[PDB]
Amino acid sequence: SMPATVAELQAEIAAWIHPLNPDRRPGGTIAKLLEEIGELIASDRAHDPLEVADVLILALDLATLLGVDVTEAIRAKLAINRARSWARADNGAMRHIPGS
Amino acid sequence: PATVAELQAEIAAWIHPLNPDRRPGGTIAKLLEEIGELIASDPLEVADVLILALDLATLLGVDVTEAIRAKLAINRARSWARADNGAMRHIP
Amino acid sequence: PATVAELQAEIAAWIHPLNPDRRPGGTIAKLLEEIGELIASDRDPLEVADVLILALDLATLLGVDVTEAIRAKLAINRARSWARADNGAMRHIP
Amino acid sequence: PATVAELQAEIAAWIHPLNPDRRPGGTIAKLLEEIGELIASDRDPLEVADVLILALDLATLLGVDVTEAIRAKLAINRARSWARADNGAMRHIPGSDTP
Ligand SMILES: Nc1nc2c(ncn2[C@H]2C[C@H](O)[C@@H](COP(=O)(O)OP(=O)(O)O)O2)c(=O)[nH]1
Ligand SMILES: Nc1nc2c(ncn2[C@H]2C[C@H](O)[C@@H](COP(=O)(O)OP(=O)(O)O)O2)c(=O)[nH]1
Ligand SMILES: Nc1nc2c(ncn2[C@H]2C[C@H](O)[C@@H](COP(=O)(O)OP(=O)(O)O)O2)c(=O)[nH]1
Ligand SMILES: Nc1nc2c(ncn2[C@H]2C[C@H](O)[C@@H](COP(=O)(O)OP(=O)(O)O)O2)c(=O)[nH]1
Ligand SMILES: [Mn+2]
Ligand SMILES: [Mn+2]
Ligand SMILES: [Mn+2]
Ligand SMILES: [Mn+2]
Ligand SMILES: [Mn+2]
Ligand SMILES: [Mn+2]
Ligand SMILES: [Mn+2]
Ligand SMILES: [Mn+2]
Ligand SMILES: [Mn+2]
Ligand SMILES: [Mn+2]
Ligand SMILES: [Mn+2]
Ligand SMILES: [Mn+2]
């Protein structure tokens, strides 16, 4: 499929990792995710799709381990984000402004 | 279930008007904040991490399906050892 | 001059009244936020300060003698062999 | 207890022969690896040591006087007001600087 559904990508990731690390857990997955984000930061390569892939392989598989429906969770939080008020943070991302 | 590209389009359509000069560096900064929240904590928190990780791919122009499949093909040909943190490291 | 233990004491004296039940998990979470800010910065001693304030306080919360722990791990590191990793740091050879 | 500058000097004297052209980017990358190890630990001082070795060497590479920088930021933090965040740490209240 092209583009694949996020669940199909999770399944392809899991088909690779499950024979090798069937009882992997969220904590070790987050630890590896931080390693791979580090590699992306340090990457001198103007384009590094394989380092982005490492980050996404772990983030999508984290969702699998936590039983999270990626489509439902992302759309539910985007709906929350649309209803929120926002201000820019110094790092260039945003932070929401509390209502009640 | 949505395609990864459709979720990228929905994320970008929300953040782009609010943050028109968003960059990979600030996206990575925020991603690290949200991973911290997950450590300290949960589907909506996982959502925060994925919203930022997928938008980083958008900003870097990475075809997610193609890149993940390419790296999984590399990972299949590698041999692996279990790391102390419970994840793996490939054997050089 | 002030030692790492004295900086830990100064940090603890500031944060403890504000966050009397602070714990390693939230401190690691805040440390990740501040490393992110350092990454995104376009400059930055005060962002480095934010990282070190949290990392030194993490050692305090975990009961770690910073001088002795650093010197003990450096001694382990001297006994290892090292390869250059793609990110520009090193990884020891098993 | 050693001064932070002395610990930085010992760290630098160890790593510089092995990695003389090391940079902040790779040091941050490794720092994140070692923080991850602390998160996943089912235990420890040597893991805390890995984090601090890299965070202090980062300060060296960026030319930061650690004692001066930490004291300057603590002074700023004392003048701020603070709210507790959901992760258990604090975030300063915007606009609350005591003048
Ligand atoms: N892609 C993208 N998402 C962003 C950016 N700034 C904030 N966000 C989103 C990511 C998360 O879904 C959400 C986090 O909101 P925030 O105020 O920390 O609140 P919280 O939801 O973590 O409690 O905001 C940004 O610059 N880019
Ligand atoms: N989902 C998942 N992926 C894992 C785990 N351990 C390793 N991986 C994958 C994520 C990346 O695609 C890859 C990283 O390999 P590694 O030996 O650091 O090498 P590198 O490819 O970063 O150079 O391995 C793990 O425990 N879970
Ligand atoms: N300052 C500095 N320290 C470095 C660098 N590359 C590796 N190190 C040190 C930091 C830690 O004390 C140690 C981490 O070793 P590693 O092979 O991951 O093994 P481990 O000790 O985490 O099991 O190596 C580097 O580039 N700079
Ligand atoms: N040790 C410790 N320090 C904390 C905690 N919560 C916040 N801080 C400190 C660390 C940094 O010096 C500072 C971060 O402040 P913040 O409101 O993100 O603002 P900023 O200084 O990053 O702009 O606050 C906390 O729970 N523990
Ligand atoms: Mn990688
Ligand atoms: Mn790696
Ligand atoms: Mn790499
Ligand atoms: Mn969040
Ligand atoms: Mn947040
Ligand atoms: Mn949260
Ligand atoms: Mn901050
Ligand atoms: Mn900042
Ligand atoms: Mn800061
Ligand atoms: Mn370590
Ligand atoms: Mn390590
Ligand atoms: Mn370890």
# chains A, B, ... in the order shown; residues from 1 in each chain; ligands from 1

$ interface_residues --of "chain D" --to "chain C" --cutoff "8 Å" --atoms "only C-alpha atoms" --output "MDAnalysis selection string"
chainID D and resid 1:4 7 11 14 18:19 22:23 25:30 35 44:46 48:53 55:56 59 62 64:67 69:70 72:74 78 82 84 87:90

$ write_last_selection --atoms "N, CA and C atoms" --output "tab-separated table (two decimals), in the first residue's frame"
chain	number	residue	atom	x	y	z
D	1	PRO	N	34.12	16.77	48.10
D	1	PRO	CA	33.52	17.07	46.81
D	1	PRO	C	34.41	17.91	45.91
D	2	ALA	N	34.46	17.61	44.64
D	2	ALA	CA	35.26	18.39	43.71
D	2	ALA	C	34.44	19.56	43.18
D	3	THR	N	35.14	20.60	42.73
D	3	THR	CA	34.45	21.66	42.03
D	3	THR	C	33.98	21.15	40.67
D	4	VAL	N	32.95	21.76	40.13
D	4	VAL	CA	32.44	21.34	38.83
D	4	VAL	C	33.48	21.58	37.74
D	7	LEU	N	35.85	18.61	37.78
D	7	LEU	CA	35.26	17.45	37.14
D	7	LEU	C	35.21	17.62	35.63
D	11	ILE	N	36.98	15.07	32.94
D	11	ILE	CA	36.23	14.51	31.81
D	11	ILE	C	36.94	14.84	30.50
D	14	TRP	N	40.09	12.99	29.75
D	14	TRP	CA	39.85	11.61	29.35
D	14	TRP	C	39.38	11.51	27.89
D	18	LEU	N	40.66	10.63	22.78
D	18	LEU	CA	39.86	9.67	22.03
D	18	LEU	C	38.98	10.34	20.98
D	19	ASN	N	38.53	11.56	21.25
D	19	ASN	CA	37.51	12.23	20.43
D	19	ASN	C	37.79	13.72	20.43
D	22	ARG	N	35.13	16.31	18.97
D	22	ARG	CA	33.76	16.17	19.44
D	22	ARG	C	33.05	17.52	19.45
D	23	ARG	N	31.74	17.45	19.24
D	23	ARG	CA	30.91	18.63	19.05
D	23	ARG	C	29.68	18.61	19.94
D	25	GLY	N	26.53	18.80	19.14
D	25	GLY	CA	25.46	17.98	18.59
D	25	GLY	C	25.59	16.51	18.95
D	26	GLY	N	26.79	15.94	18.76
D	26	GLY	CA	26.99	14.55	19.14
D	26	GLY	C	26.96	14.33	20.64
D	27	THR	N	27.41	15.32	21.41
D	27	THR	CA	27.34	15.21	22.87
D	27	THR	C	25.90	15.20	23.35
D	28	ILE	N	25.05	16.03	22.74
D	28	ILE	CA	23.61	16.01	23.05
D	28	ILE	C	22.98	14.69	22.65
D	29	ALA	N	23.38	14.17	21.49
D	29	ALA	CA	22.85	12.88	21.04
D	29	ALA	C	23.16	11.78	22.04
D	30	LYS	N	24.42	11.72	22.50
D	30	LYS	CA	24.80	10.71	23.49
D	30	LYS	C	24.11	10.95	24.84
D	35	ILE	N	20.27	9.35	29.12
D	35	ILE	CA	19.05	9.60	29.87
D	35	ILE	C	18.06	8.46	29.66
D	44	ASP	N	20.67	4.10	39.25
D	44	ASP	CA	21.96	3.66	39.77
D	44	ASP	C	23.02	4.74	39.53
D	45	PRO	N	24.01	4.83	40.42
D	45	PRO	CA	24.95	5.96	40.35
D	45	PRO	C	25.79	5.99	39.08
D	46	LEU	N	26.14	4.84	38.49
D	46	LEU	CA	26.96	4.88	37.28
D	46	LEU	C	26.15	5.33	36.07
D	48	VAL	N	23.52	7.59	36.41
D	48	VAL	CA	23.51	9.03	36.66
D	48	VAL	C	24.84	9.64	36.26
D	49	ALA	N	25.94	8.91	36.50
D	49	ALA	CA	27.25	9.43	36.13
D	49	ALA	C	27.37	9.65	34.63
D	50	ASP	N	26.82	8.72	33.82
D	50	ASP	CA	26.87	8.88	32.37
D	50	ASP	C	26.17	10.16	31.93
D	51	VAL	N	25.02	10.46	32.52
D	51	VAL	CA	24.29	11.68	32.19
D	51	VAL	C	25.13	12.91	32.53
D	52	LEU	N	25.72	12.91	33.73
D	52	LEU	CA	26.46	14.08	34.20
D	52	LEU	C	27.78	14.25	33.46
D	53	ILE	N	28.44	13.14	33.11
D	53	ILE	CA	29.66	13.24	32.31
D	53	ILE	C	29.38	13.99	31.01
D	55	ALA	N	26.62	15.96	30.30
D	55	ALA	CA	26.09	17.31	30.51
D	55	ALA	C	27.20	18.28	30.89
D	56	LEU	N	28.16	17.83	31.71
D	56	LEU	CA	29.28	18.71	32.04
D	56	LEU	C	30.19	18.95	30.84
D	59	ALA	N	28.84	21.57	28.66
D	59	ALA	CA	29.18	22.90	29.16
D	59	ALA	C	30.59	23.30	28.76
D	62	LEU	N	30.65	24.26	25.05
D	62	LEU	CA	29.96	25.52	24.80
D	62	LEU	C	30.59	26.69	25.53
D	64	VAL	N	30.88	27.35	28.83
D	64	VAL	CA	30.02	27.87	29.89
D	64	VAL	C	30.72	27.71	31.23
D	65	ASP	N	30.78	28.81	31.99
D	65	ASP	CA	31.22	28.79	33.38
D	65	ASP	C	30.05	28.29	34.23
D	66	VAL	N	30.13	27.03	34.67
D	66	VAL	CA	28.96	26.35	35.21
D	66	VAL	C	28.51	26.98	36.53
D	67	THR	N	29.45	27.22	37.45
D	67	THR	CA	29.08	27.83	38.72
D	67	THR	C	28.41	29.18	38.51
D	69	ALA	N	26.95	30.33	35.72
D	69	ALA	CA	25.70	30.21	34.98
D	69	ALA	C	24.58	29.67	35.86
D	70	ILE	N	24.87	28.65	36.67
D	70	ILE	CA	23.84	28.11	37.55
D	70	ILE	C	23.40	29.15	38.57
D	72	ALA	N	23.55	32.40	38.27
D	72	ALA	CA	22.80	33.45	37.57
D	72	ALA	C	21.38	32.99	37.26
D	73	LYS	N	21.21	31.73	36.86
D	73	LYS	CA	19.86	31.26	36.56
D	73	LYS	C	19.06	31.04	37.84
D	74	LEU	N	19.69	30.55	38.92
D	74	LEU	CA	18.96	30.44	40.18
D	74	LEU	C	18.47	31.80	40.65
D	78	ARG	N	14.63	32.64	41.36
D	78	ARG	CA	14.12	33.16	42.63
D	78	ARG	C	13.19	34.35	42.42
D	82	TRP	N	6.03	30.47	40.28
D	82	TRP	CA	6.01	29.13	39.70
D	82	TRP	C	4.67	28.43	39.90
D	84	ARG	N	2.83	24.38	39.26
D	84	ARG	CA	3.21	22.98	39.07
D	84	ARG	C	2.65	22.47	37.74
D	87	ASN	N	3.54	17.03	34.66
D	87	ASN	CA	4.60	16.04	34.78
D	87	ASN	C	5.27	16.05	36.16
D	88	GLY	N	4.88	16.96	37.06
D	88	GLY	CA	5.42	16.99	38.39
D	88	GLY	C	6.53	18.00	38.59
D	89	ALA	N	7.06	18.57	37.52
D	89	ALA	CA	8.02	19.66	37.63
D	89	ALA	C	7.26	20.98	37.65
D	90	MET	N	7.98	22.10	37.50
D	90	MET	CA	7.38	23.42	37.59
D	90	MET	C	7.56	24.16	36.27

$ interface_residues --of "chain B" --to "chain C" --cutoff "10 Å" --atoms "only C-alpha atoms" --output "MDAnalysis selection string"
chainID B and resid 23:41

$ write_last_selection --atoms "N, CA, C and O atoms" --output "PDB file, in the first residue's frame"
ATOM      1  N   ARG B  23       9.829  24.894  12.543  1.00  0.00           N
ATOM      2  CA  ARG B  23      11.096  24.355  12.083  1.00  0.00           C
ATOM      3  C   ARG B  23      11.355  22.992  12.716  1.00  0.00           C
ATOM      4  O   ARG B  23      10.785  22.672  13.761  1.00  0.00           O
ATOM      5  N   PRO B  24      12.230  22.181  12.108  1.00  0.00           N
ATOM      6  CA  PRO B  24      12.599  20.902  12.756  1.00  0.00           C
ATOM      7  C   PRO B  24      13.161  21.058  14.169  1.00  0.00           C
ATOM      8  O   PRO B  24      12.837  20.245  15.043  1.00  0.00           O
ATOM      9  N   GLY B  25      13.986  22.077  14.427  1.00  0.00           N
ATOM     10  CA  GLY B  25      14.592  22.208  15.748  1.00  0.00           C
ATOM     11  C   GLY B  25      13.574  22.397  16.861  1.00  0.00           C
ATOM     12  O   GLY B  25      13.657  21.762  17.918  1.00  0.00           O
ATOM     13  N   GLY B  26      12.610  23.292  16.651  1.00  0.00           N
ATOM     14  CA  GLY B  26      11.592  23.509  17.662  1.00  0.00           C
ATOM     15  C   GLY B  26      10.627  22.350  17.754  1.00  0.00           C
ATOM     16  O   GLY B  26      10.070  22.091  18.824  1.00  0.00           O
ATOM     17  N   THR B  27      10.434  21.633  16.643  1.00  0.00           N
ATOM     18  CA  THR B  27       9.591  20.440  16.659  1.00  0.00           C
ATOM     19  C   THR B  27      10.248  19.341  17.478  1.00  0.00           C
ATOM     20  O   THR B  27       9.582  18.669  18.278  1.00  0.00           O
ATOM     21  N   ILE B  28      11.561  19.178  17.328  1.00  0.00           N
ATOM     22  CA  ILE B  28      12.297  18.215  18.150  1.00  0.00           C
ATOM     23  C   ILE B  28      12.281  18.636  19.616  1.00  0.00           C
ATOM     24  O   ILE B  28      12.157  17.799  20.516  1.00  0.00           O
ATOM     25  N   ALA B  29      12.458  19.934  19.887  1.00  0.00           N
ATOM     26  CA  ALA B  29      12.374  20.417  21.264  1.00  0.00           C
ATOM     27  C   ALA B  29      11.040  20.032  21.898  1.00  0.00           C
ATOM     28  O   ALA B  29      10.988  19.530  23.025  1.00  0.00           O
ATOM     29  N   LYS B  30       9.940  20.285  21.185  1.00  0.00           N
ATOM     30  CA  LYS B  30       8.629  19.990  21.740  1.00  0.00           C
ATOM     31  C   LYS B  30       8.429  18.487  21.874  1.00  0.00           C
ATOM     32  O   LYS B  30       7.856  18.010  22.861  1.00  0.00           O
ATOM     33  N   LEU B  31       8.902  17.728  20.882  1.00  0.00           N
ATOM     34  CA  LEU B  31       8.854  16.270  20.962  1.00  0.00           C
ATOM     35  C   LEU B  31       9.519  15.772  22.239  1.00  0.00           C
ATOM     36  O   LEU B  31       9.009  14.864  22.902  1.00  0.00           O
ATOM     37  N   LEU B  32      10.669  16.345  22.596  1.00  0.00           N
ATOM     38  CA  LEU B  32      11.331  15.893  23.822  1.00  0.00           C
ATOM     39  C   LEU B  32      10.512  16.251  25.069  1.00  0.00           C
ATOM     40  O   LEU B  32      10.450  15.466  26.021  1.00  0.00           O
ATOM     41  N   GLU B  33       9.885  17.438  25.093  1.00  0.00           N
ATOM     42  CA  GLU B  33       8.945  17.764  26.164  1.00  0.00           C
ATOM     43  C   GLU B  33       7.865  16.694  26.292  1.00  0.00           C
ATOM     44  O   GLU B  33       7.575  16.210  27.394  1.00  0.00           O
ATOM     45  N   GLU B  34       7.264  16.305  25.164  1.00  0.00           N
ATOM     46  CA  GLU B  34       6.115  15.411  25.243  1.00  0.00           C
ATOM     47  C   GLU B  34       6.532  13.984  25.577  1.00  0.00           C
ATOM     48  O   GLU B  34       5.776  13.270  26.243  1.00  0.00           O
ATOM     49  N   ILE B  35       7.718  13.549  25.145  1.00  0.00           N
ATOM     50  CA  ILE B  35       8.217  12.252  25.620  1.00  0.00           C
ATOM     51  C   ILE B  35       8.430  12.293  27.131  1.00  0.00           C
ATOM     52  O   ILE B  35       8.125  11.325  27.843  1.00  0.00           O
ATOM     53  N   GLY B  36       8.955  13.415  27.646  1.00  0.00           N
ATOM     54  CA  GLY B  36       9.068  13.581  29.091  1.00  0.00           C
ATOM     55  C   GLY B  36       7.741  13.407  29.807  1.00  0.00           C
ATOM     56  O   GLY B  36       7.656  12.726  30.826  1.00  0.00           O
ATOM     57  N   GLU B  37       6.675  13.992  29.257  1.00  0.00           N
ATOM     58  CA  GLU B  37       5.357  13.838  29.867  1.00  0.00           C
ATOM     59  C   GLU B  37       4.930  12.379  29.906  1.00  0.00           C
ATOM     60  O   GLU B  37       4.310  11.927  30.879  1.00  0.00           O
ATOM     61  N   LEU B  38       5.250  11.628  28.855  1.00  0.00           N
ATOM     62  CA  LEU B  38       4.890  10.216  28.827  1.00  0.00           C
ATOM     63  C   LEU B  38       5.673   9.435  29.871  1.00  0.00           C
ATOM     64  O   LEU B  38       5.133   8.526  30.512  1.00  0.00           O
ATOM     65  N   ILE B  39       6.952   9.772  30.058  1.00  0.00           N
ATOM     66  CA  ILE B  39       7.755   9.116  31.088  1.00  0.00           C
ATOM     67  C   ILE B  39       7.168   9.385  32.468  1.00  0.00           C
ATOM     68  O   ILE B  39       7.057   8.481  33.310  1.00  0.00           O
ATOM     69  N   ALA B  40       6.784  10.636  32.724  1.00  0.00           N
ATOM     70  CA  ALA B  40       6.331  11.025  34.052  1.00  0.00           C
ATOM     71  C   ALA B  40       4.902  10.587  34.337  1.00  0.00           C
ATOM     72  O   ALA B  40       4.493  10.589  35.501  1.00  0.00           O
ATOM     73  N   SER B  41       4.140  10.217  33.314  1.00  0.00           N
ATOM     74  CA  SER B  41       2.731   9.862  33.485  1.00  0.00           C
ATOM     75  C   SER B  41       2.561   8.635  34.379  1.00  0.00           C
ATOM     76  O   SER B  41       3.342   7.686  34.287  1.00  0.00           O
TER      77      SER B  41
END

$ interface_residues --of "chain D" --to "chain B" --cutoff "8 Å" --atoms "only C-alpha atoms" --output "ChimeraX atom specification"
/D:36-37,39-41,86-88

$ closest_atom_pairs --of "chain A" --to "ligand 4" --cutoff "12 Å" --atoms "only C-alpha atoms and all ligand atoms" --output "JSON lines"
{"residue": "A:89", "atom": "CA", "partner": "ligand 4", "partner_atom_place_in_ligand_line": "23 (O)", "distance": 8.8}
{"residue": "A:90", "atom": "CA", "partner": "ligand 4", "partner_atom_place_in_ligand_line": "23 (O)", "distance": 7.4}
{"residue": "A:91", "atom": "CA", "partner": "ligand 4", "partner_atom_place_in_ligand_line": "23 (O)", "distance": 9.2}
{"residue": "A:95", "atom": "CA", "partner": "ligand 4", "partner_atom_place_in_ligand_line": "18 (O)", "distance": 11.4}

$ write_last_selection --atoms "N, CA, C and O atoms" --output "short mmCIF file (atom, residue, chain, number, x, y, z; two decimals), in the first residue's frame"
data_model
loop_
_atom_site.label_atom_id
_atom_site.label_comp_id
_atom_site.auth_asym_id
_atom_site.auth_seq_id
_atom_site.Cartn_x
_atom_site.Cartn_y
_atom_site.Cartn_z
N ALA A 89 6.14 29.55 22.16
CA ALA A 89 7.20 29.36 23.13
C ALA A 89 8.55 29.78 22.54
O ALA A 89 8.72 29.87 21.32
N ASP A 90 9.52 30.04 23.43
CA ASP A 90 10.83 30.50 22.96
C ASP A 90 11.50 29.49 22.04
O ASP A 90 12.28 29.88 21.16
N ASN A 91 11.23 28.19 22.23
CA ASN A 91 11.87 27.19 21.36
C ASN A 91 11.26 27.14 19.96
O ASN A 91 11.73 26.37 19.12
N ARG A 95 2.63 26.61 23.18
CA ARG A 95 2.09 26.14 24.45
C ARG A 95 0.66 26.64 24.61
O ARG A 95 0.38 27.82 24.38
#

$ residues_near_ligand --ligand "ligand 7" --cutoff "9 Å" --atoms "only C-alpha atoms and all ligand atoms" --output "ChimeraX atom specification"
/A:36,38-40,42-43,50-51,54 /C:85-87

$ write_last_selection --atoms "C-alpha atoms" --output "PDB file, in the first residue's frame"
ATOM      1  CA  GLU A  36      17.366   7.721  17.799  1.00  0.00           C
ATOM      2  CA  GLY A  38      19.685  12.067  19.336  1.00  0.00           C
ATOM      3  CA  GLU A  39      21.055  10.571  16.114  1.00  0.00           C
ATOM      4  CA  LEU A  40      18.642  12.740  14.126  1.00  0.00           C
ATOM      5  CA  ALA A  42      23.505  14.993  15.288  1.00  0.00           C
ATOM      6  CA  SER A  43      22.904  14.043  11.636  1.00  0.00           C
ATOM      7  CA  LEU A  50      16.511   6.629   7.552  1.00  0.00           C
ATOM      8  CA  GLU A  51      17.094   8.467  10.820  1.00  0.00           C
ATOM      9  CA  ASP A  54      14.260   4.973  13.205  1.00  0.00           C
TER      10      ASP A  54
ATOM     11  CA  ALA C  85      29.617   6.203  16.545  1.00  0.00           C
ATOM     12  CA  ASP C  86      27.848   7.796  13.573  1.00  0.00           C
ATOM     13  CA  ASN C  87      26.490  10.614  15.784  1.00  0.00           C
TER      14      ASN C  87
END

$ residues_around --residues "residue 12 of chain A" --least-positions-apart "2" --cutoff "10 Å" --atoms "only C-alpha atoms" --output "number ranges by chain"
A: 6-10, 14-17, 57, 61; B: 68-69, 72

$ select_by_dssp --residues "chain B" --states "helix (DSSP H, G or I)" --output "PyMOL selection string"
chain B and resi 4-18+24-40+43-59+64-77

$ atom_distance --atom1 "atom CA of residue 5 of chain A" --atom2 "atom CA of residue 66 of chain B"
12.3 Å

$ interface_residues --of "chain A" --to "chain B" --cutoff "8 Å" --atoms "only C-alpha atoms" --output "ChimeraX atom specification"
/A:2-7,9,13,16,20-21,24-25,27-32,37,47,49-50,52-57,59-60,63,66,68-71,73-74,76-78,82,88,91-94

$ closest_residue --among "D:6, D:61, D:91, D:42" --to "ligand 12" --atoms "only C-alpha atoms and all ligand atoms"
D:91

$ closest_residue --among "A:87, A:33, A:41, A:11" --to "chain C" --atoms "only C-alpha atoms"
A:41

$ atom_distance --atom1 "atom 1 (Mn, counted along the ligand's line) of ligand 8" --atom2 "atom CA of residue 31 of chain D"
22.2 Å
